Amino acid sequence: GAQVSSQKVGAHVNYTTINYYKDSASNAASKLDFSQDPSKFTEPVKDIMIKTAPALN
Amino acid sequence: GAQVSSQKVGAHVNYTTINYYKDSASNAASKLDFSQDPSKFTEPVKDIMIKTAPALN
Amino acid sequence: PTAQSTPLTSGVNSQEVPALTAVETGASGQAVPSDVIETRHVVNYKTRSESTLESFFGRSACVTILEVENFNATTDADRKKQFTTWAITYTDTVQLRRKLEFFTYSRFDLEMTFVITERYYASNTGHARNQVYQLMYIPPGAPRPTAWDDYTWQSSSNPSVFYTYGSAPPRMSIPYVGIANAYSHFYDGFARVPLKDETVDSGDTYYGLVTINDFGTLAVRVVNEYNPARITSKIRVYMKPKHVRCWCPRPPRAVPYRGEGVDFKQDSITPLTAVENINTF
Amino acid sequence: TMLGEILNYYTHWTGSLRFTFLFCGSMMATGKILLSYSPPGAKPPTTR
Amino acid sequence: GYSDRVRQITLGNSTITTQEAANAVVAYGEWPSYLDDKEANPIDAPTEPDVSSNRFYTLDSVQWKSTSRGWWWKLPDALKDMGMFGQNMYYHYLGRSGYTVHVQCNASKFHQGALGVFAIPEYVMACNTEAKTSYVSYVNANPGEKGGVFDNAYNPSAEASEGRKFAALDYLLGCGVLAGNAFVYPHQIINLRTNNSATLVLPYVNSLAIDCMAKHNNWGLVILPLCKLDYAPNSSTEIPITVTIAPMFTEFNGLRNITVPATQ
Amino acid sequence: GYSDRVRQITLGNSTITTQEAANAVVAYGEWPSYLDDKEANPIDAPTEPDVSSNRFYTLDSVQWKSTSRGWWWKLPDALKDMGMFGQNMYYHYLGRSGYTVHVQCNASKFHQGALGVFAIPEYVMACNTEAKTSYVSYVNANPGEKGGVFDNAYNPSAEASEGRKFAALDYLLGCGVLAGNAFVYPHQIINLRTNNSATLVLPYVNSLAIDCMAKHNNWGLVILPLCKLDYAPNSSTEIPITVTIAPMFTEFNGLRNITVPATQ
Ligand SMILES: CC(=O)N[C@H]1[C@H]([C@H](O)[C@H](O)CO)O[C@@](O)(C(=O)O)C[C@@H]1O
Ligand SMILES: [Ca+2]
Ligand SMILES: [Ca+2]
Ligand SMILES: [Ca+2]
Ligand SMILES: [Ca+2]
Ligand SMILES: [Ca+2]
Ligand SMILES: [Ca+2]
Ligand SMILES: [Cl-]
Ligand SMILES: [Cl-]
Ligand SMILES: [Cl-]
Ligand SMILES: [Cl-]
Ligand SMILES: [Cl-]
Ligand SMILES: [Cl-]
Ligand SMILES: [Mg+2]
Ligand SMILES: [Mg+2]
Ligand code: NA
């Protein structure tokens with residue numbers, strides 16, 4: 001049950017993971033999660049604000 | 001002869017087992033067995049008792 | 001997935017005014033350079049890999065230093081040096097605590113690692129055979145040791161690690177063990193409602209997470225009986241949050257901590273150094 | 001109790017508790033009895 | 001015709017109008033909602049009081065002066081004596097609620113000043129004694145609709161018994177962080193030249209589906225004068241700030257006799 | 001297995017059992033229900049408190065003696081201080097409710113006696129002065145869970161001010177009709193040799209869809225000893241009568257501040 005995944009690039013390929021333990025808590029770090037939605041903090045407004053339009057009309 | 005099984009969920013997949021020894025006594029813990037029949041202790045009665053019916057008719 | 005590339009843009013003369021906004025709305029400024037200057041095309045190959053929560057928290061941090069000793073104890077005080085108990089917390093140190101407290105709530109598994117060190121207390125009391133340590137996790141309710149060799153150390157159900165001095169730092173994983181759906185880093189409340197005209201003391205009660213938090217106890221002993229030479233030990237406890245989720249960001253701690261709460265210290269509430277002038281480069 | 005003894009090998013519990021009452025008076029004894037569970041945060045009940 | 005400045009909010013038998021709004025904030029982009037069966041915890045059929053409780057309650061007004069350092073409330077504490085919301089809160093062990101928070105402050109085209117209006121999850125504040133930590137009385141933590149005020153000085157008590165209140169130090173947001181960073185929390189600004197109101201819609205926020213409202217405040221409401229009130233004809237003028245809050249999607253579990261908290 | 005004598009009733013967090021019932025009455029053959037849109041009157045979204053209020057409340061017990069002439073209560077008056085039902089009743093101008101009434105009285109196979117248990121719509125009773133008509137104080141008309149007692153004598157007051165209570169004369173049902181005809185009202189009998197309980201399920205009954213609960217009692221509950229309590233070893237023995245009532249399909253309109261009726 002080997003997972004083959006992309007490595008993080010260095011100066012100049014893939015790596016293999018096998019989980020040895022029956023508990024997911026034993027696993028190595030979660031894979032890179034690039035998810036983001038800054039707008040829930042930077043723009044949590046009820047009515048859409050178009051950048052090119054006046055903020056207050 | 002690798003077994004791939006579900007891990008117990010953590011905060012936020014599968015794990016691999018290979019048995020290295022010729023005796024089953026050497027094996028790690030038995031897999032989770034959710035079997036149960038509380039009625040053999042909580043209701044070991046000869047005649048079926050329907051909850052909604054009188055216990056004694 | 002990469003950070004934003006810059007598009008090729010020239011000038012404008014337009015009723016479109018992306019440079020103006022109204023932050024009264026609760027929206028941050030949104031304008032980017034292409035809105036207010038002429039820009040070249042720049043392909044951005046750079047990523048935010050190292051600022052993901054897993055990357056930010058992906059370090060074993062020291063959270064406490066415990067002490068235990070091994071010698072022929074003839075007093076109550078010296079008997080209590082043969083083992084130690086520690087209420088598990090991240091508030092004995094400041095660095096991991098401050099990083100966690102960027103967030104209100106979290107969910108993670110924990111990697112715990114230990115670094116165990118010894119020194120001789122004295123010379124001319126001979127030597128000491130290599131020591132084995134027991135680190136026993138005592139969940140809330142399980143009996144706590146009152147002596148280094150009492151019955152509690154048989155540890156039939158509590159997890160224990162037996163560590164041999166000089167071996168690799170011992171390590172184990174702990175699941176997300178919270179009784180809520182996440183850990184609370186902050187709790188604006190009490191453990192119970194004090195009621196009208198009750199006789200229960202209201203003068204010496206506490207507030208916040210300290211009234212409700214209990215992650216149990218780490219108990220440590222040297223398993224060996226005493227040598228003629230007294231050995232003193234330090235156990236450094238390391239925590240790494242892994243498989244991390246966090247919610248509800250907070251301003252970070254700006255002034256020294258003075259305990260387990262958010263309290264501040266009167267002589268340490270001036271973090272800024274005054275500038276000579278508002279016009280100082 | 002058997003439930004209490006099992007719970008003292010665990011740190012956390014969840015779910016519903018069943019309290020069953022057996023009346024052991026004579027067959028000629030009658031009565032009505034109120035059995036109550038009051039979730040916490042108010043004056044503990046000392047009156048019906 | 002429709003404007004970011006002009007808004008009507010109706011909940012139950014109550015309506016708010018504003019003609020000088022600045023949009024509205026939905027905290028973390030999430031509207032409040034009822035608790036789904038797949039996230040539920042207590043198993044008793046909940047009370048959902050709907051229009052009896054999910055309506056605008058107007059708190060006692062406070063006076064903004066050139067010397068004001070700011071105001072705080074906790075929720076649901078500020079609404080604990082508000083009509084049927086208060087009754088449902090105290091008759092049940094468990095409750096959850098979202099809110100519409102409407103902060104009201106009008107002046108004139110000749111006045112100036114700016115209020116930061118922040119909704120803070122788990123707004124834990126410092127105590128006022130250095131003899132103890134986390135040493136705040138229930139009564140001082142839960143002032144109700146009167147809320148509390150910030151100070152620009154920290155004077156912790158000589159005796160532990162006299163310091164069992166919040167050290168609500170304005171520039172440390174009463175909790176050891178710099179007030180300039182409070183904008184990471186859901187917020188609006190009432191800048192008197194621009195707007196006369198702030199509207200924040202808050203979902204339930206907690207590490208649990210539902211909790212003990214009488215033990216635990218989910219939100220702090222902070223109003224800080226970021227720029228002091230100024231009025232050239234009278235520097236000593238006062239203008240009211242009025243706070244109006246509607247519970248939303250209220251749900252209660254664990255009915256029994258009424259909770260009557262200690263008042264001393 | 002199933003028996004007319006053995007019954008379980010569950011409403012909200014409350015359950016009743018009986019092993020010596022005599023069927024159950026559904027007054028006028030009609031189960032209670034919510035108010036249909038085609039019969040509605042007040043237009044505000046109603047409060048339907050459901051399990052918070054629609055549950056068994058047990059009144060203070062009364063003692064049946066060989067000399068007892070009987071007991072009366074009014075509904076919703078008897079439940080006005082009962083948990084969240086009372087709170088919903090007094091926070092609203094308007095309310096409607098059905099009821100499950102469970103009257104409890106056990107003895108032994110050696111005791112004898114029979115109680116008539118009657119649910120009376122608009123149970124208007126005579127006043128106790130002949131200087132006036134219809135001259136009863138609000139306080140005397142609305143005793144709450146303690147209810148009142150019947151007498152076998154009529155002694156109207158010398159002065160009008162002293163007679164502002166009911167003349168609850170047993171054989172005239174306190175209202176100028178013969179008690180033997182009370183069986184035209186929904187009823188059961190607790191005959192100690194047969195049964196230890198009476199169960200009556202009452203729909204809302206009125207000339208209106210919904211009404212002012214604090215002004216108007218929809219039902220009287222009357223318990224009359226038709227055959228006196230007798231017990232050969234002790235003629236002075238007393239056995240309790242316990243009244244347990246659950247509101248059902250409760251619906252309230254016209255929310256405002258709480259009604260606090262006069263107590264004198
Ligand atoms: C912890 C500590 O300071 N230990 C020191 C001891 C203690 O002072 C004992 O009391 C007396 O041996 O004294 C030494 O001279 C010794 O024994 O060689 C040096 C040693 O480092
Ligand atoms: Ca049964
Ligand atoms: Ca714009
Ligand atoms: Ca451009
Ligand atoms: Ca030892
Ligand atoms: Ca409802
Ligand atoms: Ca409802
Ligand atoms: Cl050391
Ligand atoms: Cl041992
Ligand atoms: Cl926990
Ligand atoms: Cl400088
Ligand atoms: Cl209040
Ligand atoms: Cl009453
Ligand atoms: Mg009030
Ligand atoms: Mg009462
Ligand atoms: Na890019």
Side-chain angles (χ1 to χ4, degrees), chain A residues 36-47 49-56, chain C residues 14-32 34-36 248-249, chain E residues 1-12 14-34 54-56 75 97-107 114-121 182-205 219 221-223 226 241-249:
Chain A
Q36 53 163 62
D37 179 26
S39 74
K40 79 165 65 167
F41 314 112
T42 69
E43 201 168 33
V45 292
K46 186 178 186 300
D47 302 329
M49 295 176 73
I50 306 300
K51 197 163 59 162
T52 53
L56 300 177
Chain C
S14 174
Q15 296 186 13
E16 295 189 348
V17 189
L20 298 180
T21 192
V23 299
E24 293 94 335
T25 60
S28 296
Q30 299 298 318
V32 296
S34 62
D35 295 322
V36 297
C248 294
Chain E
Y2 302 121
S3 166
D4 304 288
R5 302 183 183 274
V6 184
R7 180 169 303 278
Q8 184 176 314
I9 318 173
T10 302
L11 287 166
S14 68
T15 289
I16 288 171
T17 68
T18 179
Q19 302 200 57
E20 295 183 63
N23 206 314
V25 158
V26 186
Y28 305 124
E30 288 189 27
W31 205 265
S33 62
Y34 285 122
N54 304 169
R55 64 177 306 285
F56 284 116
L75 290 172
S97 186
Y99 306 94
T100 300
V101 176
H102 190 70
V103 177
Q104 295 143 88
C105 186
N106 55 94
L115 301 172
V117 180
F118 309 93
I120 305 180
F183 299 89
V184 304
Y185 296 124
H187 68 272
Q188 292 206 313
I189 300 169
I190 303 175
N191 183 21
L192 291 179
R193 71 172 266 129
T194 303
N195 61 317
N196 68 20
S197 67
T199 302
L200 294 84
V201 178
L202 309 182
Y204 188 65
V205 172
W219 293 101
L221 178 62
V222 167
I223 306 177
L226 304 176
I241 301 165
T242 301
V243 177
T244 301
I245 308 173
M248 302 174 78
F249 295 94

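Lettering follows sequence order; numbering is per chain, from 1. Only heavy atoms go into these numbers, but all of them, side chains included; no hydrogens, no water, no symmetry mates.
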message: Working note: C:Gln30 + C:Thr21, criterion side chain to side chain contact (heavy atoms under 4.5 Å, CB included); need CA distance, chi angles, decisive distance, verdict.
response: CA-CA 9 Å; C:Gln30 299 298 318; C:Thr21 192; over 6 Å; no
field: Test log, rule side chain to side chain contact (heavy atoms under 4.5 Å, CB included), inputs E:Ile16 and E:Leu11
entry: CA-CA 9 Å; E:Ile16 288 171; E:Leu11 287 166; over 6 Å; no
- prompt: Taking it one step at a time, do E:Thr15 and E:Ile9 satisfy side chain to side chain contact (heavy atoms under 4.5 Å, CB included)?
  reply: CA-CA 5 Å; E:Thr15 289; E:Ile9 318 173; over 6 Å; no
message: Please find the pair of heavy atoms, one from E:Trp31 and one from E:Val26, that lie closest to each other, and give the distance.
response: N-CG1, 3.6 Å
CG on C:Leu20 to OG1 on A:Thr52, rounded to 0.5 Å: 12.0 Å
query: Do E:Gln8 and E:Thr10 meet the criterion of a side-chain donor-acceptor pair at a distance under 3.5 Å?
result: yes
- request: Report yes if the side chains of E:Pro121 and E:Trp219 come closer than 4.5 Å at any heavy-atom pair, otherwise no.
  value: yes
task: Could you grab the distance from atom OH of E:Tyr185 to atom SG of C:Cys248, nearest 0.5 Å is fine?
output: 9.0 Å
Test applied, side-chain contact (heavy atoms from CB on, under 4.5 Å); reference residue, E:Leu115; option that passes from E:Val222, E:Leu226, E:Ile223: E:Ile223
task: Flag the pair E:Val25 / A:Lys46 as yes when at least one side-chain heavy-atom distance between them is below 4.5 Å, and no otherwise.
output: no
- prompt: Can you tell me how far the OG1 atom of C:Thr25 sits from the CD atom of E:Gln188, to the nearest 0.5 Å?
  reply: 6.5 Å
task: Mind checking the CD-OG spacing from E:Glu20 to E:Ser3? Nearest 0.5 Å is all I need.
output: 10.0 Å
Quiz: residues 195-203 of chain E side-chain donor-acceptor pairs under 3.5 angstrom, not counting sequence neighbours:
from, atom 1, to, atom 2, distance (Å)
E:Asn195, OD1, E:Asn191, N, 3.0
E:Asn195, ND2, E:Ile189, O, 2.9
E:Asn195, ND2, E:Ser197, O, 3.0
E:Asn196, OD1, E:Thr18, OG1, 3.2
E:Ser197, OG, E:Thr18, OG1, 2.9
E:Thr199, OG1, E:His102, ND1, 2.8

query: Do E:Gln19 and E:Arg5 come close enough that some side-chain heavy atom pair is under 4.5 Å?
result: no
- prompt: Do E:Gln104 and E:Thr244 get their side chains close enough for a donor-acceptor pair, meaning under 3.5 Å?
  reply: yes
task: Report the distance from atom OH of E:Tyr99 to atom CG of E:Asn54, rounding to the nearest 0.5 Å.
output: 10.5 Å
query: Taking the six-membered ring for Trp, is the centroid-to-centroid distance between E:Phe249 and E:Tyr34 below 6.0 Å?
result: yes
message: Please enumerate all residues that pass side chain to side chain contact (heavy atoms under 4.5 Å, CB included) together with E:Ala107, with sequence neighbours excluded.
response: E:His111, E:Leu192, E:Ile239
task: Answer whether the closest heavy-atom distance between the side chains of E:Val103 and E:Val101 falls below 4.5 Å.
output: yes
query: Minimum heavy-atom separation for C:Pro249 to E:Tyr28, with atom names?
result: CD-CE2, 4.3 Å
- request: Kindly indicate whether the side chain of E:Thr100, heavy atoms from C-beta on, has any atom under 4.5 Å from the side chain of E:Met248.
  value: yes
field: Residue pair C:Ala31 / C:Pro18: nearest heavy atoms and the distance that separates them
entry: CB-O, 3.6 Å
Worked verdict on C:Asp35 versus A:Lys51 for side chain to side chain contact (heavy atoms under 4.5 Å, CB included): CA-CA 9 Å; C:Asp35 295 322; A:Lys51 197 163 59 162; 2.8 Å; yes
- line: Here the gap from E:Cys105 atom SG to E:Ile241 atom CD1, rounded to the nearest 0.5 Å, amounts to 5.0 Å
task: May I ask you to test the E:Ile245-E:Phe56 pair for a side-chain heavy-atom distance under 4.5 Å?
output: no
- prompt: Are A:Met49 and E:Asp4 close enough that some pair of their side-chain heavy atoms sits under 4.5 Å apart?
  reply: no
